[PDB]
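Both backbone and side-chain heavy atoms feed into the values below; hydrogens, waters and symmetry mates do not. Chain letters run A, B, ... following the sequence lines, proteins first, then strands; residues in each count from 1.
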Amino acid sequence: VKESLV
Amino acid sequence: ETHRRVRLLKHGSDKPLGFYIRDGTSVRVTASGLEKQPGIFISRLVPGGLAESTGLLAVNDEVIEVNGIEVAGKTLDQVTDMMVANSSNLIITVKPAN
């Protein structure tokens, strides 16, 4: 899974 | 409405909001009936991070809007940019998973 940190 | 608005009051300019987002699918209701549509979801929370500390955000929650602006039709990259811009005082509308 591709996830993006914020 | 099943939607819930969460406000993340951040202080550290370098410290992140404390969560990760991913692409997903949502089977929202329509006229002809339930229909699948692209969507943004919270994949996980940073341990000890701001988001987790609030206890208002959880994995699988669906991001509906960022500071009044809907994320529908946007890419993961665009939504990520939308959030880091409002880090100081971010307001996120989500749809609880559980």
Legend entry - Considering all heavy atoms, the nearest B/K10-B/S87 contact: NZ-CB, 3.1 Å
Legend entry - Nearest atoms (heavy-atom pairs only) where B/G18 meets B/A51: O-CB, 3.6 Å
Legend entry - Distance-minimising heavy-atom pair for B/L76 and A/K2: CD2-O, 4.0 Å
Inset, instruction - Specify the closest pair of heavy atoms between B/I64 and B/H3, including all atoms of both residues, with the distance to one decimal. - result: CG2-CE1, 3.7 Å
Legend entry - Shortest non-hydrogen contact between B/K74 and B/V79, atoms and distance: CB-CG2, 3.9 Å
Legend entry - Hydrophobic cluster membership, B/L45 vs B/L50, 4.5 Å side-chain cutoff: yes
Inset, instruction - Considering non-hydrogen atoms only, spot the tightest contact between B/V63 and B/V71 and give its length. - result: O-CG2, 3.3 Å
Legend entry - Hphob cluster co-occupancy, B/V94 + A/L5, side-chain heavy atoms under 4.5 angstrom: no
Legend entry - For B/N86, the option from B/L17, B/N67, B/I69 that meets side chain to side chain contact (heavy atoms under 4.5 Å, CB included): B/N67
Inset, instruction - Determine, for B/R28 against B/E35, whether the closest basic-nitrogen to carboxylate-oxygen distance falls under 4.0 angstrom. - result: no
Legend entry - Residue pair B/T2 / B/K95, side-chain heavy-atom distance below 4.5 Å: yes
Legend entry - Approximate separation, where rounding is to 0.5 Å, of B/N89 CG and B/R7 CZ: 8.0 Å
Legend entry - Side chain B/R44, main chain B/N60, donor-acceptor under 3.5 Å: no
Legend entry - Nearest-0.5 Å distance, CD1 of residue B/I40 to CD of residue B/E70: 13.5 Å
Inset, instruction - Determine whether B/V46 and B/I92 fall in the same hydrophobic cluster, where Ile, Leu, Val, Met, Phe, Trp and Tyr are linked whenever their side-chain heavy atoms lie under 4.5 Å apart. - result: no
Inset, instruction - With the side chain counted from C-beta on, respond yes when A/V6 and B/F19 share a heavy-atom pair under 4.5 Å apart, and no when they do not. - result: yes
Legend entry - Spacing of CZ belonging to B/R22 relative to OG belonging to B/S43, to within rounding of 0.5 Å: 7.0 Å
Inset, instruction - Mind jotting down which residue pairs meet the salt bridge (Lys or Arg N to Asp or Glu O under 4.0 Å) criterion with at least one end in residues 48-61 of chain B? Sequence neighbours excluded, please. - result: none
Inset, instruction - State yes or no: do B/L8 and B/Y20 share one hydrophobic cluster built from I, L, V, M, F, W and Y residues joined by side-chain heavy-atom distances below 4.5 Å, directly or via other members? - result: no
Inset, instruction - Hey, could you give me the CG/CG distance between B/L90 and B/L9, rounded to the nearest 0.5 Å? - result: 10.5 Å
Inset, instruction - Hey, could you give me the OG/CD distance between B/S26 and B/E62, rounded to the nearest 0.5 Å? - result: 4.0 Å
